[PDB]
Each structure stands twice: as C-alpha cells, then as structure tokens.
Amino acid sequence: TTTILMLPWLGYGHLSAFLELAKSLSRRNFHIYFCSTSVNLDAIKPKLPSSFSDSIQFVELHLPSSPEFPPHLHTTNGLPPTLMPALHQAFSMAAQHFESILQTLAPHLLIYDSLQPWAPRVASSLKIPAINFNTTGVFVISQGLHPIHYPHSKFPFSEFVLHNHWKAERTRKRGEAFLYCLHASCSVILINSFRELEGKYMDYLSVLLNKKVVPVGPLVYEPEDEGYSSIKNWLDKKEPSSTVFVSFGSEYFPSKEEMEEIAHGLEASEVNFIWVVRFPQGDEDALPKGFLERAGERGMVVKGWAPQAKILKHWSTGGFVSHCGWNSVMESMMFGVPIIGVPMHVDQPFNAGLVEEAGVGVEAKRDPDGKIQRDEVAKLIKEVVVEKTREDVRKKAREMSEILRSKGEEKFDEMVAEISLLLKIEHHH
Ligand SMILES: O=c1ccn([C@@H]2O[C@H](COP(=O)(O)OP(=O)(O)O[C@H]3O[C@H](CO)[C@@H](O)[C@H](O)[C@H]3O)[C@@H](O)[C@H]2O)c(=O)[nH]1
C-alpha cells in the first residue's frame with residue numbers, strides 16, 4: 001500500500017542496478033513503479049521473473065519521438081556517440097510527461113538517478129519525497145569534490161594519481177556539487193557500493209556533502225541460455241581458468257587503433273578469449289586483417305551482445321579484460337575474476353585505480369600520449385592467466401568474492417530505516 005516510483009537514467013548499467021534495488025524493495029512490502037523508456041524497459045524485463053508481476057509495474061516515459069529518432073534509439077545501449085546530445089535533450093524535454101505520470105500515480109516516494117536534475121524538482125513541485133540513488137562508485141565522486149574544499153592538500157586516503165590523458169555537461173555538474181538541501185528527501189543518498197572497497201571514501205564523502213551516505217550494494221544479478229548454449233559448449237572444452245572475457249561496455253565503441261592493440265595483445269598472450277565486439281545501432285575489418293588465425297579455436301568474437309554474467313561465472317574463465325565500468329567491476333569482484341583494466345573514458349580510469357588498490361586486478365598503463373600498448377596487455381594476461389605467476393592477484397580476487405557472497409539480507413537494513421523515517425516526516429510535511 002506504500003508505492004515507490006523508480007526513475008533510472010537511460011542506459012543499461014543504470015537500469016539493471018535500479019531493478020535489483022526494485023526487487024529488494026518489492027520483497028519488503030513496497031509497491032514499485034518502474035519508469036523508463038520502452039526500449040530500456042523491454043531490454044530489462046527478462047531479468048525480472050514472473051513472480052514480480054503483482055508487485056513491480058512497468059511505467060513508460062515518453063521522450064520526443066521523430067521518424068529518424070524513434071523510441072528504439074531512446075537509450076544509450078548501442079547509441080551512436082553523435083546522437084547522445086539529442087538523447088540528453090529528449091530526456092530533459094520529457095519532464096512535463098513525468099509530471100503527468102507522477103501526479104497520476106501519486107507515489108509516496110521517488111527514487112531517482114544522478115543524471116536528471118529535473119526529476120527531484122518535479123517531485124518537489126508536487127509535494128513528493130525524492131531520494132538520490134547513485135549506481136556508480138564513490139571513489140570518483142569524492143576525488144571530484146576534494147579540490148573544491150582542499151585545493152591545497154592531496155587526496156587523503158588514496159595513493160592513486162590520475163594520468164595526463166584524462167586530466168585534459170561538466171558545467172551543469174559543477175552546479176550539482178553546490179546543490180542546496182533544505183528537506184529530508186536530500187538528507188540521504190543511496191549508493192551502489194560497499195564499505196570493504198570504499199568505506200574510507202564513503203566516510204569522506206559524507207563529510208564533503210554533509211549528507212548521509214547509505215550503501216546498498218553491490219547489486220549484481222546472478223544468472224534464457226539464448227547465446228550461452230554455443231558459448232558454454234565451446235567453454236567446456238577449455239582448461240580451468242584458461243580463458244579471458246573481453247568487454248568494453250554498451251556506451252563506448254573502441255577505436256580502430258585501440259582494438260588493433262588489444263587484439264594483438266591477446267594474440268601475443270596465447271590465452272583463450274571470448275571478445276564482445278559491437279557496432280553502433282545506426283549501421284572482421286575492425287579486428288586486424290588475419291587476426292583470427294592463431295586465435296582460431298582459441299578465441300571467439302561475439303557480435304552484438306553476450307551473456308557476460310554467465311561467462312564470468314564459468315570455471316574456465318580466469319580473467320576479464322574490461323573497460324572498468326562500475327557494473328562490470330562489481331560483477332568481476334562478486335564472481336572472483338581478476339580484472340585486467342583497460343579504462344577508456346569517464347569514471348573508468350578511477351575505477352581501474354580502485355581495482356589496483358584493492359588487489360583484485362591490474363591496470364594496463366597507457367603510454368604518455370594515452371595510447372593502448374600491445375605489450376602491456378599481453379604481459380598482464382600472461383602473468384594473470386596464461387602463466388599464473390601473479391598469484392597474489394588471484395587470491396585477493398576469490399577472497400573478495402568470498403566476502404561479497406557472504407553478505408546477507410542486512411545489506412538493505414540501513415536503507416529501509418532511512419526511507420521509513422523520511423516517509424513519516426512527510427505525513428506532517
Ligand atoms: O555483452 C554484455 C555487455 C554488458 N552486459 C551487462 O551490462 C552492464 C554493463 O555494465 P557497465 O559496462 O558498467 O555499464 P554501461 O552502461 O555499458 O557503461 C556505463 O557504466 C557506468 C555505470 O552504469 C556509467 O556511469 C558510464 O557512463 C559507463 O561506463 C552490466 O550489467 C553487464 O553485465 C552484459 O550482460 N553483456
């Protein structure tokens with residue numbers, strides 16, 4: 001009888017984490033309204049089992065639609081990078097529809113993502129409580145806000161220093177770091193992380209923002225066998241811990257030079273590999289001519305989409321060459337796979353540092369101009385996977401996995417307390 005409306009940001013990684021949060025709330029007697037674009041909602045429904053039909057209802061948010069920008073492109077999954085500004089515009093232009101949904105559904109609480117400032121303001125206008133859920137890590141956020149208060153000192157608890165390539169919209173984001181708060185809705189933030197990895201940063205961020213930081217993560221989905229049948233057949237023929245999974249996400253498409261370096265790095269390592277290579281939604285050559293040679297049956301290149309979670313939980317997988325996106329990093333730590341980091345942009349360089357700090361993987365360093373190196377990638381794959389001579393990395397990965405697996409339902413105890421208090425304060429309002 002208490003209804004929460006969840007509004008994620010467009011984009012599969014954000015969408016999945018909200019769904020895992022939705023499932024937890026549903027099991028706690030909370031009626032959920034899951035709101036997003038139709039393309040995103042369909043992509044995420046298979047992961048929602050039938051048992052939640054009664055308690056989790058899907059709500060469609062309508063973005064402005066045109067014949068060359070139809071609703072299937074109203075997402076960041078496979079979107080051409082040129083079209084992303086249009087997507088940001090279209091999302092903002094949907095605020096008025098959000099009001100109609102919000103007023104008509106009368107949710108007691110709104111949980112929103114960290115990329116739609118119009119969503120809390122719309123909720124405030126209609127006397128609806130709103131709480132921020134941040135699907136990504138705390139390390140990046142704290143590092144960003146540290147210079148504003150202490151431009152003098154270095155980052156207090158980390159020995160990581162950013163590389164020159166990434167040192168180098170942001171305008172609107174440095175206006176979110178001064179966001180005023182004069183109500184309980186903004187007294188707390190939900191974060192997709194856990195203290196064993198970012199406990200010190202969570203304490204620091206709480207001081208920086210003067211707000212409660214409540215961890216509710218990690219939110220990993222433990223897995224139709226759509227593509228797995230062929231992949232599992234191939235994977236079972238390989239020796240244990242002999243194969244690497246290579247993925248760079250759904251919102252970034254590596255360059256021609258970048259993929260050549262990684263392909264050659266894979267070949268030199270002599271490892272087995274499953275590589276998901278993707279092309280934008282709009283539209284052999286991309287990989288080096290003749291690459292798939294020594295890597296005949298020692299490698300697979302999947303087109304479009306692959307079962308990342310299932311592959312990583314196989315016992316033949318001993319490594320994950322990743323772009324160090326937050327959800328992929330959490331999955332690798334949950335499943336006990338050491339990460340071979342190849343960060344590309346956004347928060348990924350910081351997340352790669354966090355993996356290195358935690359001892360659960362190694363980051364392949366970029367050259368002075370910011371260019372991927374074949375030799376660096378090959379060395380780490382050989383050391384981590386082909387010749388298991390970096391055994392400290394491997395042990396910490398399973399130890400981290402063991403820690404993550406052992407967490408029980410107490411993971412959400414703090415969140416339910418904060419929402420309950422907030423939901424009482426608004427009865428008075
Ligand atoms: O072949 C694939 C590729 C991805 N996934 C899943 O899709 C998600 C991808 O995670 P991640 O790569 O972290 O998310 P993306 O949306 O692809 O990338 C973003 O991940 C961050 C957190 O969502 C964002 O803030 C950044 O803009 C961007 O790096 C995870 O659930 C993966 O398991 C699969 O199941 N199969």
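Yes/no per residue for (1) touching a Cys at 6+ places or on another chain (Cβ under 9 Å); (2) farther than 30 Å from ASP283 by Cα; (3) buried (at least 19 other Cβ atoms within 10 Å of the Cβ); (4) of a type in the set (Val, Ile, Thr):
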site	(1), (2), (3), (4)
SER66	no, no, no, no
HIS88	no, no, no, no
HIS97	no, yes, no, no
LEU105	yes, yes, no, no
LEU109	no, yes, yes, no
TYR112	no, yes, yes, no
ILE148	no, yes, no, yes
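Conditions tested, residue by residue: (1) assigned by TED's automatic domain parsing to the domain that holds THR82; (2) surrounded by 15 or more Cβ atoms within 10 Å (Cβ to Cβ); (3) more than 16 Å from the ligand (Cβ to nearest atom); (4) more than 20 Å from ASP367 (Cα to Cα).
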| site | (1), (2), (3), (4) |
| --- | --- |
| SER241 | no, yes, yes, yes |
| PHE245 | no, yes, no, yes |
| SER250 | no, yes, no, yes |
| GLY265 | no, yes, yes, no |
| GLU270 | no, yes, yes, yes |
TODO: Among the numbered conditions (1) farther than 22 Å from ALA95 by Cα; (2) polar (S, T, N, Q); (3) within 14 Å of the ligand (Cβ to nearest atom), tell me where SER26 comes up short.
DONE: (3)
TODO: Those residues that are surrounded by fewer than 21 Cβ atoms within 10 Å (Cβ to Cβ), of a type outside the set (S, T, N, Q) and under 19 Å from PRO218 (Cβ atoms), I need them from the range 24-47; list them, please.
DONE: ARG27, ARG28, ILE44, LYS47
Open item on the list: Checking the structure you have, find out if any residue of the range 90-110 is within 15 Å of the ligand (Cβ to nearest atom) and in the same structural domain as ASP203 (by TED's automatic domain parsing).
Closed with: yes
Task: Top-ranked residue in the range 299-313 [being touching a helix residue (DSSP H, G or I) at 6+ places or on another chain (Cβ under 9 Å) and part of a loop (DSSP other than H, G, I, E, B); ranked as farthest from the ligand (Cβ to nearest atom)] - done: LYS313
- [ ] List the number of the failed condition for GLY290; all other conditions in (1) surrounded by fewer than 18 Cβ atoms within 10 Å (Cβ to Cβ); (2) in contact with a strand residue (DSSP E or B) (Cβ under 9 Å, 6 or more places away or on another chain); (3) on the phi > 0 side of the Ramachandran plot hold.
- [x] (2)
Task: Subset of the range 190-239 (residues that are surrounded by fewer than 22 Cβ atoms within 10 Å (Cβ to Cβ), of a type in the set (A, V, I, L, M, F, W, C) and assigned to a strand (DSSP E or B)) - done: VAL214
Open item on the list: Looking at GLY353, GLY325, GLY336, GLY341, can you tell me which residue is in contact with a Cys (Cβ under 7 Å, 6 or more places away or on another chain), within 16 Å of the ligand (Cβ to nearest atom) and within 26 Å of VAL138 (Cβ to Cβ)?
Closed with: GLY341
Open item on the list: Regarding the range 193-203, can at least one residue be identified that is under 30 Å from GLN96 (Cβ atoms), acidic (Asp, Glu) and not assigned by TED's automatic domain parsing to the domain that holds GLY370?
Closed with: no
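Neighbour counts run over all protein chains shown; Cβ positions are idealised from the backbone, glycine included. The values are calculated or read from the model by the stated rules, or taken from the named source; nothing here is a laboratory result.
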